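First up is the structure itself, then whatever we jot down about it.
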Amino acid sequence: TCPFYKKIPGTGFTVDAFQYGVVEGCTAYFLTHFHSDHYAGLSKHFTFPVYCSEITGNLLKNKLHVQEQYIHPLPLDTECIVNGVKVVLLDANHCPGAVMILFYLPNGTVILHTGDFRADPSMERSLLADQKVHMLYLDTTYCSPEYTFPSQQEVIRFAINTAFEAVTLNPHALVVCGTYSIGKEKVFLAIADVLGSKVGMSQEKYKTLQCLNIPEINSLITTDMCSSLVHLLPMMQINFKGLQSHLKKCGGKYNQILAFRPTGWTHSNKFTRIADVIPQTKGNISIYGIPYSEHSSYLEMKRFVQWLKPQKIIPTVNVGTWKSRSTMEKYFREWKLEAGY
Ligand code: NI
């Protein structure tokens with residue numbers, strides 16, 4: 001049955017709750033972003049209103065085949081009335097089309113649901129600054145102090161320099177980047193740009209990228225692999241076996257692969273700097289794991305919450321164990337005592 005943390009009290013609304021059948025008393029189903037754990041359950045046979053961003057709407061229509069009549073896109077940063085309740089969608093700094101939702105309840109309560117997000121100081125000068133938030137439904141993916149990682153700008157710097165150096169030394173090297181969902185497009189677009197290449201991929205992945213309103217996208221991607229020296233592959237193919245196999249297919253055009261695995265956090269984060277990352281090598285193939293995160297670090301999360309000063313926090317991630325829940329509640333209390341709300 002639908003868990004409490006996907007229900008919005010005082011409304012007929014739910015958030016990211018599509019895998020429980022018809023939810024009793026739900027008049028509108030919100031979807032924060034197009035990631036499979038969140039959309040799980042939607043299909044072409046859904047007949048209830050779905051509220052979401054323009055980008056998320058493009059993906060529901062084209063990839064899941066949800067019918068146009070049930071898709072309700074809303075612009076960002078705009079006060080909108082939905083079934084007689086005022087709502088605003090805010091950029092979540094997660095994957096393309098990902099949003100946070102502000103709900104202004106008829107009784108005067110204000111609720112923020114972050115969806116998935118990577119907190120940024122820029123959110124402190126959005127429409128959030130303008131009034132008080134009583135309840136916060138929080139993306140707690142990395143709510144523990146061990147979780148550090150560098151900025152997205154730092155990680156992209158490392159990738160661009162790694163690739164540019166390798167291909168300038170060997171013009172017959174191929175670059176491959178793994179993907180399994182939307183998000184992290186900057187990794188492969190930034191590498192292709194420095195190499196003066198389009199990025200080549202499958203027809204299914206090109207279709208997905210054509211939904212994302214990225215400017216000048218036609219100039220940046222292609223289905224013709226042979227014209228391109230940056231290829232995308234399924235993340236499951238990023239290993240020595242899959243890559244050797246892939247190199248055979250290029251028909252003696254390249255003699256080296258350099259590959260990037262964008263991971264979330266990994267325990268090598270607790271010791272090693274981004275400057276000092278090293279690849280896994282077998283022969284003419286090298287695989288780099290790079291810590292490109294689209295979720296808040298512990299410090300970024302703590303700063304956001306201490307700025308917002310919510311009256312109540314409801315976690316939406318790591319809620320399945322008692323030890324996880326207890327751990328999070330302890331951090332929330334420290335933060336509140338340190339900052340004085
Ligand atoms: Ni996500």
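Every chain in the structure tokens takes a letter, A first, then B, and so on in the order presented; its residues are numbered from 1, and the ligands are numbered from 1 following the presented order.
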Please identify all protein, DNA and RNA residues within 8 Å of ligand 1, counting only C-alpha atoms and all ligand atoms, and report them as a PyMOL selection string. chain A and resi 33-35+37-38+94-95+115-117+294
Neighbours of stretch 219-232 of chain A within 7 Å (only C-alpha atoms; same-chain residues fewer than 4 positions away dropped), as a PyMOL selection string? chain A and resi 174-179+192+197-203+206
Counting only C-alpha atoms, the residue among A:278, A:138, A:90, A:259 that lies closest to residue A:304 is A:138
I'd like the neighbourhood of stretch 263-268 of chain A as a ChimeraX atom specification, where a residue qualifies if any of its atoms comes within 10 Å (using only C-alpha atoms), though same-chain residues fewer than 2 positions away should be ignored. /A:142,146-149,178-179,184,235,260-261,270-273,277,288-295,297
Export of prior selection with N, CA and C atoms as a PDB file, in the first residue's frame:
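Generated file (part.pdb):
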ATOM      1  N   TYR A 142      22.233  10.787   0.726  1.00  0.00           N
ATOM      2  CA  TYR A 142      23.536  10.884   1.277  1.00  0.00           C
ATOM      3  C   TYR A 142      23.610  11.596   2.642  1.00  0.00           C
ATOM      4  N   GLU A 146      30.152  10.851   6.051  1.00  0.00           N
ATOM      5  CA  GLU A 146      31.208  10.245   5.212  1.00  0.00           C
ATOM      6  C   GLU A 146      31.006  10.690   3.772  1.00  0.00           C
ATOM      7  N   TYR A 147      29.755  11.027   3.399  1.00  0.00           N
ATOM      8  CA  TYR A 147      29.458  11.318   1.983  1.00  0.00           C
ATOM      9  C   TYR A 147      29.958  12.699   1.598  1.00  0.00           C
ATOM     10  N   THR A 148      31.191  12.731   1.102  1.00  0.00           N
ATOM     11  CA  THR A 148      31.745  13.869   0.446  1.00  0.00           C
ATOM     12  C   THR A 148      31.912  13.513  -1.049  1.00  0.00           C
ATOM     13  N   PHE A 149      31.864  14.556  -1.865  1.00  0.00           N
ATOM     14  CA  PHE A 149      32.284  14.424  -3.258  1.00  0.00           C
ATOM     15  C   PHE A 149      32.585  15.833  -3.835  1.00  0.00           C
ATOM     16  N   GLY A 178      29.412   5.390 -20.259  1.00  0.00           N
ATOM     17  CA  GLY A 178      28.261   4.565 -19.868  1.00  0.00           C
ATOM     18  C   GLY A 178      27.054   5.416 -19.455  1.00  0.00           C
ATOM     19  N   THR A 179      25.855   4.931 -19.772  1.00  0.00           N
ATOM     20  CA  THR A 179      24.562   5.520 -19.361  1.00  0.00           C
ATOM     21  C   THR A 179      23.479   4.416 -19.109  1.00  0.00           C
ATOM     22  N   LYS A 184      23.352  13.344 -15.945  1.00  0.00           N
ATOM     23  CA  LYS A 184      24.787  13.270 -16.150  1.00  0.00           C
ATOM     24  C   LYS A 184      25.208  13.454 -17.620  1.00  0.00           C
ATOM     25  N   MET A 235      25.383   1.055 -19.414  1.00  0.00           N
ATOM     26  CA  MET A 235      26.333   0.982 -18.303  1.00  0.00           C
ATOM     27  C   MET A 235      26.787  -0.463 -18.029  1.00  0.00           C
ATOM     28  N   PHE A 260      34.560   5.937 -19.352  1.00  0.00           N
ATOM     29  CA  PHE A 260      34.149   6.639 -18.134  1.00  0.00           C
ATOM     30  C   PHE A 260      32.851   5.994 -17.601  1.00  0.00           C
ATOM     31  N   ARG A 261      32.877   5.622 -16.314  1.00  0.00           N
ATOM     32  CA  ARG A 261      31.725   5.109 -15.549  1.00  0.00           C
ATOM     33  C   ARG A 261      31.306   6.169 -14.540  1.00  0.00           C
ATOM     34  N   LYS A 270      36.440   8.570   0.443  1.00  0.00           N
ATOM     35  CA  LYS A 270      36.894   8.851   1.816  1.00  0.00           C
ATOM     36  C   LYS A 270      38.417   9.000   1.985  1.00  0.00           C
ATOM     37  N   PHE A 271      39.195   8.675   0.945  1.00  0.00           N
ATOM     38  CA  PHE A 271      40.664   8.767   0.987  1.00  0.00           C
ATOM     39  C   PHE A 271      41.280   9.586  -0.141  1.00  0.00           C
ATOM     40  N   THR A 272      40.873   9.311  -1.375  1.00  0.00           N
ATOM     41  CA  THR A 272      41.550   9.832  -2.558  1.00  0.00           C
ATOM     42  C   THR A 272      40.885  11.120  -3.090  1.00  0.00           C
ATOM     43  N   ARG A 273      41.714  12.044  -3.576  1.00  0.00           N
ATOM     44  CA  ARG A 273      41.251  13.263  -4.262  1.00  0.00           C
ATOM     45  C   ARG A 273      40.863  12.974  -5.732  1.00  0.00           C
ATOM     46  N   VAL A 277      42.794  10.175  -9.101  1.00  0.00           N
ATOM     47  CA  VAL A 277      42.011   8.969  -9.490  1.00  0.00           C
ATOM     48  C   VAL A 277      42.752   8.194 -10.586  1.00  0.00           C
ATOM     49  N   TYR A 288      37.680   4.439 -16.256  1.00  0.00           N
ATOM     50  CA  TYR A 288      37.700   5.362 -15.112  1.00  0.00           C
ATOM     51  C   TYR A 288      36.321   5.487 -14.465  1.00  0.00           C
ATOM     52  N   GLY A 289      36.254   5.341 -13.156  1.00  0.00           N
ATOM     53  CA  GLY A 289      35.023   5.630 -12.399  1.00  0.00           C
ATOM     54  C   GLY A 289      35.166   7.033 -11.881  1.00  0.00           C
ATOM     55  N   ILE A 290      34.194   7.909 -12.205  1.00  0.00           N
ATOM     56  CA  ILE A 290      34.281   9.287 -11.794  1.00  0.00           C
ATOM     57  C   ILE A 290      33.018   9.655 -10.929  1.00  0.00           C
ATOM     58  N   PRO A 291      33.247  10.351  -9.815  1.00  0.00           N
ATOM     59  CA  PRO A 291      32.148  10.584  -8.847  1.00  0.00           C
ATOM     60  C   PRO A 291      31.294  11.847  -9.163  1.00  0.00           C
ATOM     61  N   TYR A 292      30.512  11.711 -10.211  1.00  0.00           N
ATOM     62  CA  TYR A 292      29.619  12.774 -10.676  1.00  0.00           C
ATOM     63  C   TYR A 292      28.278  12.513  -9.999  1.00  0.00           C
ATOM     64  N   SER A 293      27.929  13.323  -9.009  1.00  0.00           N
ATOM     65  CA  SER A 293      26.663  13.144  -8.292  1.00  0.00           C
ATOM     66  C   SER A 293      25.585  14.151  -8.690  1.00  0.00           C
ATOM     67  N   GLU A 294      24.358  13.669  -8.830  1.00  0.00           N
ATOM     68  CA  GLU A 294      23.174  14.518  -8.972  1.00  0.00           C
ATOM     69  C   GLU A 294      22.295  14.493  -7.700  1.00  0.00           C
ATOM     70  N   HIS A 295      22.913  14.107  -6.563  1.00  0.00           N
ATOM     71  CA  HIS A 295      22.255  14.269  -5.220  1.00  0.00           C
ATOM     72  C   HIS A 295      23.144  15.141  -4.306  1.00  0.00           C
ATOM     73  N   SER A 297      25.497  16.373  -1.479  1.00  0.00           N
ATOM     74  CA  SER A 297      26.481  15.914  -0.452  1.00  0.00           C
ATOM     75  C   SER A 297      25.844  16.133   0.984  1.00  0.00           C
TER      76      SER A 297
END
So that I can see what lies close to residue A:208, please list as JSON, numbers by chain the residues with an atom at most 8 Å from it, counting only C-alpha atoms and leaving out residues fewer than 2 positions away in the same chain. {"A": [59, 63, 182, 204, 205, 206, 210, 211, 212]}
Using N, CA and C atoms, can you write the selected residues to a file as a compact mmCIF listing (two decimals), in the first residue's frame?
# COMPACT_ATOMS: atom_id res chain seq x y z
N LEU A 59 8.96 12.90 -22.16
CA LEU A 59 9.38 11.52 -21.90
C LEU A 59 8.19 10.55 -21.64
N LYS A 63 8.37 7.95 -24.64
CA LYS A 63 9.05 6.74 -24.20
C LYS A 63 8.12 5.74 -23.51
N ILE A 182 18.34 8.89 -17.80
CA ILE A 182 18.67 10.31 -18.01
C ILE A 182 19.47 10.84 -16.78
N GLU A 204 17.49 4.17 -29.64
CA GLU A 204 16.64 4.38 -28.42
C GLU A 204 17.20 5.49 -27.54
N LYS A 205 18.54 5.61 -27.43
CA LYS A 205 19.09 6.65 -26.56
C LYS A 205 19.00 8.04 -27.23
N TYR A 206 19.11 8.10 -28.58
CA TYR A 206 18.97 9.36 -29.32
C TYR A 206 17.53 9.88 -29.11
N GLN A 210 16.44 13.47 -27.54
CA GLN A 210 15.60 14.43 -28.34
C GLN A 210 14.37 14.94 -27.57
N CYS A 211 14.02 14.31 -26.45
CA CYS A 211 12.98 14.84 -25.49
C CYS A 211 13.39 15.91 -24.47
N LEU A 212 14.67 16.21 -24.36
CA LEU A 212 15.15 16.99 -23.24
C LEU A 212 15.31 18.53 -23.42
Tell me which of A:189, A:110, A:42, A:55 sits closest to residue A:67, counting only C-alpha atoms.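 So, comparing all the options, the nearest one is A:42.
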Which residues are close to residue A:128, i.e. within 10 Å by only C-alpha atoms, leaving aside same-chain residues fewer than 4 positions away? Reply as a ChimeraX atom specification. /A:88,90,102,112,123-124,132-133,308
Could you take the residues named above and write them with N, CA, C and O atoms, as a PDB file, in the first residue's frame?
ATOM      1  N   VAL A  88       3.803  25.531  -6.973  1.00  0.00           N
ATOM      2  CA  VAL A  88       4.899  26.045  -7.781  1.00  0.00           C
ATOM      3  C   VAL A  88       5.876  24.885  -8.027  1.00  0.00           C
ATOM      4  O   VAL A  88       6.159  24.146  -7.082  1.00  0.00           O
ATOM      5  N   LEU A  90       9.857  24.031  -8.951  1.00  0.00           N
ATOM      6  CA  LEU A  90      11.203  24.631  -8.883  1.00  0.00           C
ATOM      7  C   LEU A  90      12.252  23.672  -9.461  1.00  0.00           C
ATOM      8  O   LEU A  90      12.106  22.477  -9.277  1.00  0.00           O
ATOM      9  N   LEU A 102       6.336  23.047  -4.396  1.00  0.00           N
ATOM     10  CA  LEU A 102       5.823  23.825  -3.239  1.00  0.00           C
ATOM     11  C   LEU A 102       4.336  23.745  -3.280  1.00  0.00           C
ATOM     12  O   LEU A 102       3.760  23.994  -4.322  1.00  0.00           O
ATOM     13  N   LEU A 112       7.233  21.773   1.170  1.00  0.00           N
ATOM     14  CA  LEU A 112       8.189  21.585   0.070  1.00  0.00           C
ATOM     15  C   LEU A 112       8.493  20.072  -0.050  1.00  0.00           C
ATOM     16  O   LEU A 112       8.918  19.443   0.900  1.00  0.00           O
ATOM     17  N   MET A 123      19.401  28.090  -4.646  1.00  0.00           N
ATOM     18  CA  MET A 123      18.033  27.859  -4.202  1.00  0.00           C
ATOM     19  C   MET A 123      17.603  28.821  -3.077  1.00  0.00           C
ATOM     20  O   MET A 123      16.405  29.045  -2.826  1.00  0.00           O
ATOM     21  N   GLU A 124      18.581  29.417  -2.395  1.00  0.00           N
ATOM     22  CA  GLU A 124      18.289  30.365  -1.333  1.00  0.00           C
ATOM     23  C   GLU A 124      17.756  31.708  -1.917  1.00  0.00           C
ATOM     24  O   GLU A 124      17.263  32.510  -1.165  1.00  0.00           O
ATOM     25  N   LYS A 132       7.649  31.069   4.709  1.00  0.00           N
ATOM     26  CA  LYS A 132       8.022  30.042   5.638  1.00  0.00           C
ATOM     27  C   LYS A 132       7.521  28.694   5.146  1.00  0.00           C
ATOM     28  O   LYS A 132       6.391  28.634   4.632  1.00  0.00           O
ATOM     29  N   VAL A 133       8.312  27.624   5.377  1.00  0.00           N
ATOM     30  CA  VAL A 133       7.934  26.240   5.047  1.00  0.00           C
ATOM     31  C   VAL A 133       7.800  25.407   6.294  1.00  0.00           C
ATOM     32  O   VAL A 133       8.742  25.294   7.069  1.00  0.00           O
ATOM     33  N   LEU A 308      16.610  26.777   5.422  1.00  0.00           N
ATOM     34  CA  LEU A 308      15.165  26.695   5.279  1.00  0.00           C
ATOM     35  C   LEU A 308      14.443  26.713   6.652  1.00  0.00           C
ATOM     36  O   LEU A 308      13.321  27.233   6.752  1.00  0.00           O
TER      37      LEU A 308
END
Please, what distance in Å, to one decimal, runs between atom CA of residue A:126 and atom CA of residue A:79?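 Atom CA of residue A:126 sits 12.8 Å away from atom CA of residue A:79.
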Counting only C-alpha atoms, which residue out of A:327, A:255, A:56, A:27 sits closest to residue A:170?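 When distances to residue A:170 are compared using only C-alpha atoms, the smallest one comes from A:255.
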Compare A:40, A:28, A:71, A:156 by their minimum atom-to-atom distance to residue A:54, counting only C-alpha atoms, and give me the closest one.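 Of A:40, A:28, A:71, A:156, the one nearest residue A:54, counting only C-alpha atoms, is A:71.
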Which of these, A:245, A:1, A:321, A:11, has the shortest distance to residue A:82 once you count only C-alpha atoms?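 Residue with the minimum atom-to-atom distance to residue A:82: A:11.
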Write out as a VMD selection string all residues of stretch 58-181 of chain A that backbone DSSP assigns to strand (DSSP E or B). chain A and resid 71 to 73 80 to 82 85 to 91 99 to 104 110 to 113 135 to 138 173 to 179
In Å, with one decimal, what is the gap from atom CA of residue A:334 to atom CA of residue A:314?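 Going from atom CA of residue A:334 over to atom CA of residue A:314, I get 15.8 Å.
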